[PDB]
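Neighbour counts are summed over all protein chains in view; Cβ atoms, including those assigned to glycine, are modelled from backbone coordinates with ideal geometry. Each answer follows from the model by the rule given with it, or from the source it names; nothing here is a laboratory result.
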Amino acid sequence: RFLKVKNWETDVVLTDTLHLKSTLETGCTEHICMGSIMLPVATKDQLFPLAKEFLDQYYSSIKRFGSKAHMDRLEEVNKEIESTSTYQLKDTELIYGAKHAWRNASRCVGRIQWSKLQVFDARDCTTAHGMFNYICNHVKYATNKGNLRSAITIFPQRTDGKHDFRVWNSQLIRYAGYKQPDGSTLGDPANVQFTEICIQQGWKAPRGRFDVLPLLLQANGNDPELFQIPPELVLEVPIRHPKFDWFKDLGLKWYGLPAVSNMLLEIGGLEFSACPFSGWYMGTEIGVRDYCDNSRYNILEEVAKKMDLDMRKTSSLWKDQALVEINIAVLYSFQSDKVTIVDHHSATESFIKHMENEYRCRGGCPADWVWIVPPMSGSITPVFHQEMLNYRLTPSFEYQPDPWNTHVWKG
Amino acid sequence: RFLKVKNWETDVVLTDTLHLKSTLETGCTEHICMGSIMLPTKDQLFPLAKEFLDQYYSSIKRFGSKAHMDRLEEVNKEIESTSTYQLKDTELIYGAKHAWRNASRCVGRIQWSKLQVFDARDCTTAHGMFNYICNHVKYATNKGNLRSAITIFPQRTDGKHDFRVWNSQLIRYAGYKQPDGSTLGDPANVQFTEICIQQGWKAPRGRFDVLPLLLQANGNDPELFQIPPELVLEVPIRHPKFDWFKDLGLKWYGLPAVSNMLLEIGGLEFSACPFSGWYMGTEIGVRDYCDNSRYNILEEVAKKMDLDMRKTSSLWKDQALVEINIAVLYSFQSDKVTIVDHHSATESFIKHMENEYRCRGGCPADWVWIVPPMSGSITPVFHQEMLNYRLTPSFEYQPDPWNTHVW
Ligand code: HEM
Ligand code: HEM
Ligand SMILES: Cc1cc(N)nc(C[C@H]2CNC[C@H]2OCCNCCc2cccc(F)c2)c1
Ligand SMILES: Cc1cc(N)nc(C[C@H]2CNC[C@H]2OCCNCCc2cccc(F)c2)c1
Ligand SMILES: C[C@H](O)[C@H](O)[C@H]1CNc2nc(N)[nH]c(=O)c2N1
Ligand SMILES: C[C@H](O)[C@H](O)[C@H]1CNc2nc(N)[nH]c(=O)c2N1
Ligand SMILES: [Zn+2]
């Protein structure tokens, strides 16, 4: 079956055959679409077929499908599975696997870069202190004094599900949130819970509006342990505006390195529950979501007062006006300090080129329109007008429950 | 069976049971989501009628009463004899209100039960259609105090005697391809404009020429008609801060009136059913004015604003977008023509959803369409999970008649 997608701005039609490979479920049915729903121990039995499918993919990618080396690898993995109930990936397979999980991430607009990904193999790691060291090196390499480089660090795979490696942080770098008795929140409201957990684990909170959180690291199923990332390793950018001199007095800053640390990486049926990865920001992530969401820093009102906008009625579009200014400020501040950032116009234009290329060379590109279209100025970006098909390919990045919900405390 | 939808900003969770009454297919499968694809007999007619009549009689709390069963036998008999049937006026009104209620891509549904239904099922000619349409336009415009309305022409018979309005909307602006190779006026209507000209329309060849109506009655060739200009309320576009805004030469019409869709009630097909409401400001200010394949005025406006157009990262397009949208709303408000901004419309829609979940067990909603084409995440709908499914009665798309009609 061939499926077509059309761009309604350019009339370009593309043909997807790749979706035929898709194994997993979407959440939708012939009678209901769950396209806007945010979230819609493996055995020997299920494991070899997952391993085979992955090695067939890997050996096709290197143009050695059906070779002796291909056949020998299948038998060796099969034998390792019957012997030990699991198997170990080669370095090369691990690299290919991690790159492909990114290549397959349908909610990621930054995928044009998928094949430049620095893979750090941390599968010899045994302790939380070892994790902290691996994570510091990742941050330093990825930050690169502002010239950001994509990277992922891969800790040991799940075994019985009782010995998981986890990074308890949702991102490697984030700011604390503190609920006051009067119901107001100081810092980032998204991190209130995680911040309480840290404090309870013995973190001494400085209790300001931008306190970088400590790392909370679990190795081999043990109780997690706290670490402060060295501050010379945390690149931050004070936010100012190219025309509004008062913008700086809002006291805003943000960190330069977006690094997601709470996803599960699946490769050939193996589960990597700690696999922190990082790229660089698209401006709207900070300026639209982090600063302007009502449940986040929520600065729209304050910024609009300072611009003296008419706030008596929504139809003055004061919210929209202040929103664009904050986003100019974010981009300007990053560019002036030579910290890599991409604006939403440029990122979306690159994505369309990436998608066309993927359709030609790969037979498709799974994409989640709800997520790809930026949270401001939707239809002035070319992705708004692009039909997309969403489907699940492996290797993949998946969500997993927050560890404080599942962890067995040892004391 | 029971499905939950969460709002991530407010933590409100709703439970959807209404989806279980869906019959039509979505285009998705368990292996693929098509949520962003724009277009994904006697025997057939009776279950359809029975399903419609059951929901009707239940809506007036007479499910399974004497009247209910009686109507079912009467429709059954008429189907058995004539191969079709006729809706009672009450059913036609209910079916139209519900097709709007069920329109998953419409953010304006809080208003669904206040719809004026004009029954035009006695119409026989294009001149008659023209009269009904003018009456619809004058009624709906109401000197700027807009009122929602639908006019419903005779249902389909053999499919060779279709009533059709060939316009996509009752009121739209002409578009002309030029020697230069550029486009004057609205490029979305270049083809339609040409069909009007090959029908003998004398085009003023301007940037805002109201198109004639092209009306097909009973399967015949369509005929041209000019709407009386005094019936077409228009708004000159000016800006509350920027004096120079007036000089761009911009205006828009007050009445949004979709005229190319098909209304399905009880298995009966109404191929001509123009309906109208009132604008959300972004439809004009973001889509009509700023789409690259439309009026595409971004470059011009950013110019008058002396913005830095060197690099995309100065957000010049975004700054200009906002001003333009302020201007559209300001103009309509100053002229007392009903309009709603995207903030107010999406807040009403969240309220409507809450109403529908408690009263009806759900609300079918297409997030890709409900979320405004600007400032998405600062509107509450962005943070609202929605379930999309197809309920009947419904509005459906149909082929452009010029690809189908036999001249
Ligand atoms: C190189 C620059 C990159 C840019 C500009 C970028 C852009 C983005 C953006 C804007 C999102 C949406 C996140 C949200 O709104 O919550 C996203 C999601 C995602 N990206 Fe990227 N990305 C980049 C690199 C990467 C890398 C290196 C990986 C992994 C190797 C990755 C994998 C993912 C995944 C798995 C998601 C889904 C997150 C979720 O569902 O919560 N991306 N990307
Ligand atoms: C009265 C105020 C109304 C507002 C503010 C409103 C708002 C909108 C908007 C913004 C769209 C999306 C159109 C697009 O982006 O192309 C839409 C679509 C739609 N609306 Fe409404 N609406 C209103 C009344 C109505 C009425 C009276 C009906 C019919 C009785 C209706 C039925 C529909 C349908 C069927 C669609 C989908 C059309 C398509 O797919 O092209 N709406 N509405
Ligand atoms: C690698 C990378 C590069 C980049 N530019 N941006 C990113 C996403 C990060 C940063 N800016 C947002 C954050 O995204 C990670 C969290 N994403 C939403 C998680 C979520 C919450 C609730 C329900 C769900 F289903 C999912 C990663
Ligand atoms: C009744 C009403 C009120 C309102 N405020 N707004 C409206 C939508 C009108 C106005 N502003 C746009 C137009 O919408 C009608 C055309 N809609 C898209 C047609 C289409 C093309 C190609 C593929 C598709 F799947 C669909 C109706
Ligand atoms: C309900 C809705 O699906 C949810 O708010 C989504 C919408 N699109 C998104 N898109 C991105 N990139 N990130 C998000 O967090 C969301 N949130
Ligand atoms: C490809 C994509 O589905 C298409 O551009 C859609 C997206 N969302 C939309 N939303 C509305 N309200 N109107 C539209 O025309 C569209 N276009
Ligand atoms: Zn779907």
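What the table shows:
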item: Only listed residue being in contact with a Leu (Cβ under 7 Å, 6 or more places away or on another chain) and at positive phi, chosen from B:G200, B:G219, B:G185; result: B:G200
item: Single residue of A:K116, A:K99, A:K140 found to be more than 16 Å from ligand 7 (Cβ to nearest atom), more than 14 Å from chain B (Cβ to nearest Cβ) and not in a helix (DSSP H, G or I); result: A:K116
item: Condition broken by B:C28, with the remaining ones in (1) under 30 Å from B:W278 (Cβ atoms); (2) in contact with a strand residue (DSSP E or B) (Cβ under 9 Å, 6 or more places away or on another chain); (3) within 16 Å of ligand 4 (Cβ to nearest atom) satisfied; result: (1)
item: Qualifying positions in region B:207-231 - closer than 29 Å to B:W407 by Cβ and part of a loop (DSSP other than H, G, I, E, B); result: B:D209, B:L211, B:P212, B:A217, B:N218, B:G219, B:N220, B:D221, B:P222, B:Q226, B:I227, B:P228
item: Residue match in region A:367-387 (condition: at the interface with chain B (Cβ under 8 Å from one of its Cβ atoms) and at positive phi); result: yes
item: Residue in region B:250-289 that is farthest from the chain's Cα centre (by Cα), counting only those that are within 17 Å of B:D335 (Cα to Cα) and of a type in the set (G, A, S); result: B:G285
item: Top-ranked residue of region A:16-48 - restricted to ones that are exposed (fewer than 15 other Cβ atoms within 10 Å of the Cβ), more than 28 Å from the chain's Cα centre (by Cα) and outside any loop (DSSP other than H, G, I, E, B), ranked as farthest from the other protein chains (Cβ to nearest Cβ); result: A:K44
item: Selection count where residues are under 18 Å from B:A140 (Cβ atoms) and more than 9 Å from ligand 2 (Cβ to nearest atom), scope region B:93-109; result: 1
item: Matching entry among A:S278, A:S316, A:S273 (being over 30 Å from A:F48 (Cα atoms) and out of contact with any helix residue (DSSP H, G or I) (no Cβ under 6 Å at 6 or more places or on another chain)); result: A:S316
item: Flag if B:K317 is of a type in the set (D, E, K, R) and either in a loop (DSSP other than H, G, I, E, B) or more than 8 Å from chain A (Cβ to nearest Cβ) (or both); result: no
item: Any hit, region A:394-409, residues being farther than 30 Å from A:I326 by Cβ and within 14 Å of chain B (Cβ to nearest Cβ); result: yes
item: Region B:66-85, subset polar (S, T, N, Q) and loosely packed, with under 13 Cβ neighbours inside 10 Å, residue nearest to the chain's Cα centre (by Cα); result: B:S83
item: Residue tally, condition surrounded by 24 or more Cβ atoms within 10 Å (Cβ to Cβ) and within 9 Å of chain A (Cβ to nearest Cβ), over region B:324-335; result: 3
item: Qualifying strands (runs of 3 or more DSSP E) (wholly inside region A:234-306; at least 3 residues being more than 14 Å from chain B (Cβ to nearest Cβ) and away from ligand 1 (no atom under 14 Å from the Cβ)); result: A:236-238, A:253-255
item: Qualifying residue in region A:393-405 (condition: buried (at least 22 other Cβ atoms within 10 Å of the Cβ), more than 17 Å from the chain's Cα centre (by Cα) and within 15 Å of ligand 1 (Cβ to nearest atom)); result: no
item: Check on B:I237, touching a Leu at 6+ places or on another chain (Cβ under 9 Å) and more than 30 Å from B:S271 (Cβ to Cβ); result: yes
item: Pairs with Cβ under 8 Å, 6+ apart, first in region A:7-30 and under 30 Å from B:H19 (Cβ atoms) and within 16 Å of ligand 1 (Cβ to nearest atom), second part of a loop (DSSP other than H, G, I, E, B) and of a type in the set (D, E); result: A:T26/B:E30
item: Residues being within 18 Å of A:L3 (Cα to Cα) and among the hydrophobic types (A, V, I, L, M, F, W, C) - total across region A:25-39; result: 2
item: Unique residue being more than 24 Å from B:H161 (Cβ to Cβ) and either buried (at least 16 other Cβ atoms within 10 Å of the Cβ) or not assigned by CATH to the domain that holds B:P47 (or both) when the list is B:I265, B:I195, B:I284; result: B:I284
item: Evaluation of A:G411 against (1) of a type in the set (G, A, S); (2) part of a loop (DSSP other than H, G, I, E, B); (3) buried (at least 24 other Cβ atoms within 10 Å of the Cβ) (one fails), failing number; result: (3)
item: Test: residue in region B:351-359 that is crowded, with 23+ Cβ neighbours inside 10 Å, assigned to a strand (DSSP E or B) and either within 14 Å of chain A (Cβ to nearest Cβ) or more than 15 Å from ligand 2 (Cβ to nearest atom) (or both); result: no
item: Residue list for region A:336-350, filter: closer than 18 Å to A:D290 by Cβ, assigned to a helix (DSSP H, G or I) and at the interface with chain B (Cβ under 9 Å from one of its Cβ atoms); result: A:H344
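For (1) within 25 Å of A:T314 (Cα to Cα); (2) surrounded by 20 or more Cβ atoms within 10 Å (Cβ to Cβ), each residue gets a yes or a no:
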position	(1), (2)
B:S271	no, yes
B:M305	yes, no
B:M309	no, no
B:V340	yes, yes
B:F349	yes, yes
